[PDB]
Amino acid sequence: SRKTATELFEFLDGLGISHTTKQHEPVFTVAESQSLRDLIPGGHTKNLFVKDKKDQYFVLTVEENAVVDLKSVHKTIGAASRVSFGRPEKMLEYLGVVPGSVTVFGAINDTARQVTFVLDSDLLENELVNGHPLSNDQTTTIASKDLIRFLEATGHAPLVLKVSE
């Protein structure tokens, strides 16, 4: 069963992870999305859901303005081939999210631990990081060190690697 935002917050509370959240209308355009980010301190995350030819799945979580070279990233992350995008059926199955609502907090839904989470080194140089708490009408801030603790608590030992250009 996919978790709700409330269930995510409760899980963070049980872990002793502090969080704050802004409620907002979902945003879509380039200027409106940026305008919203600029009101919310911290690194804002974006996620690449990918796989290799052996059907090993990864989420690469990077800062919003970072660029990943999809032709080469496999070599950094230990993938079996050049990566391909993961299709939505496995994205739903594993992370409980749909396109437009992808979030690193989706780790909580991957109870079979099919996804390897990679966190970009530069992203974690931010004191605070942001993602949607399983809903796109909220943005939640946690400490970057607590993102690691969150992932570990869901059974996902993250790889911290430089995947951004």
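Just count from 1 along the sequence shown to find any residue number.
*Asks:* Would you determine, from the values in the PDB entry, which of 120-128 and 96-104 has the greater average C-alpha temperature factor?
*Replies:* Higher mean C-alpha B-factor: 96-104.
*Asks:* Name the higher of the two by mean Cα B-factor in the PDB entry, 65-73 versus 42-50.
*Replies:* Stretch with the greater average CA B-factor: 65-73.
*Asks:* Highest Cα temperature factor in the entry, among the options 146, 10, 25, 152: which one is it?
*Replies:* Answer for 146, 10, 25, 152: 25, with the highest C-alpha B-factor.
*Asks:* Comparing against every modelled residue in the chain, figure out the third that the C-alpha B-factor of residue 59 lands in (lowest, middle or highest).
*Replies:* Residue 59: CA B-factor falls in the lowest third of its chain.
*Asks:* Considering only modelled residues of the same chain, in which third does the CA B-factor of residue 112 rank: lowest, middle or highest?
*Replies:* CA B-factor rank for residue 112: highest third.
*Asks:* Please rank the C-alpha B-factors of the chain's modelled residues and tell me whether residue 29 sits in the lowest, middle or highest third.
*Replies:* According to the entry, residue 29 has a C-alpha B-factor in the chain's lowest third.
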